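Just below is one structure, and these are the notes that go with it.
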Amino acid sequence: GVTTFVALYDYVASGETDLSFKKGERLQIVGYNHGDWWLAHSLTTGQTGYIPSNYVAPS
Amino acid sequence: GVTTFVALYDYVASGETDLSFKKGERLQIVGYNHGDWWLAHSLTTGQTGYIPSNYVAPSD
């Protein structure tokens, strides 16, 4: 599989974290138009966090 | 479109945030086997944050 990606655009973190939730809780998805997200690790900065899928390309 | 979802399993937050990055930075995707994530808002608790896609189903 592809292990490394390149950022195609700048992205500034909003500070949002993941959300704890209980089975049976009702949730609304926000910002669907921006697409899905993945957890990633920066080789360049060493930090880890969520990134938008459509901001990266295989490298 | 579907505006509300129901959680099928419990999920406990890890505390990870989103990541700032510059165009041209190289990144490695972690935990691909867990699938993709969405931003969501809890109707029951009022909080917002990332959730795993395969933990929710469309709901009324």
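Side chains are part of it too, since the values below use all heavy atoms of this structure and drop only hydrogens, waters and symmetry mates. So that the names make sense, note that chain A is the first sequence line, chain B the second, and so on, each numbered from 1.
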Per-residue contact mode, B/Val56 against chain A (heavy atom under 4.5 angstrom): side chain
Option that, when pairs with chain B are counted at under 4.5 Å, heavy atom only, ranks first among A/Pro52, A/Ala57, A/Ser59, A/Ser42: A/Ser42
Side chain, backbone, both or neither of B/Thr4 within contact of chain A (heavy atoms, under 4.5 Å): both
By side-chain hydrogen bond (donor to acceptor under 3.5 Å, both in side chains) - contacts of B/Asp10 (at least two apart): A/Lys22
Donor-acceptor pair between A/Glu25 and B/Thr44 side chains, under 3.5 angstrom: no
Connected via hydrophobic side-chain network under 4.5 Å: B/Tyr55 and B/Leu43: no
CA sep, side-chain torsions, deciding dist, call: B/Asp36, A/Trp37, side-chain contact (heavy atoms from CB on, under 4.5 Å): CA-CA 6 Å; B/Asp36 70 341; A/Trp37 302 73; over 6 Å; no
Over 12 non-hydrogen atoms of neighbours within 6.0 angstrom of CG in B/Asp60: no
Pair A/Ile29-B/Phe5, side-chain contact (heavy atoms from CB on, under 4.5 Å): steps then yes or no: CA-CA 8 Å; A/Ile29 291 196; B/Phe5 292 79; 3.9 Å; yes
Straight-line distance of B/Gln28 CD to A/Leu39 CG, nearest 0.5 Å: 12.0 Å
A/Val30-A/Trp38 co-clustered via ILVMFWY side chain contacts under 4.5 Å: yes
Using atom types as modelled, flag every donor-acceptor pair under 3.5 Å from a side chain in residues 11-19 of chain A to any protein atom, sequence neighbours excluded.
from    : atom 1 : to      : atom 2 : distance (Å)
A/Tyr11 : OH     : B/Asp18 : OD2    : 2.8
A/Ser14 : OG     : A/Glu16 : N      : 3.3
A/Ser14 : OG     : B/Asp18 : OD2    : 2.8
A/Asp18 : OD1    : B/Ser14 : N      : 3.4
A/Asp18 : OD1    : B/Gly15 : N      : 3.0
A/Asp18 : OD2    : B/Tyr11 : OH     : 2.8
A/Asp18 : OD2    : B/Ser14 : N      : 2.7
A/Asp18 : OD2    : B/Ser14 : OG     : 2.8

Flag side-chain contact, heavy atom, 4.5 Å: A/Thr45 against B/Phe21: no
Toward chain A, the part of B/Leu8 with a non-hydrogen atom under 4.5 Å: backbone
Options B/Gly31, B/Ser53, B/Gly35, ranked by heavy-atom pairs under 4.5 Å with chain A, top entry: B/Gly35
Contact leader toward chain A among B/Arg26, B/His41, B/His34, where contacts are heavy-atom pairs under 4.5 Å: B/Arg26
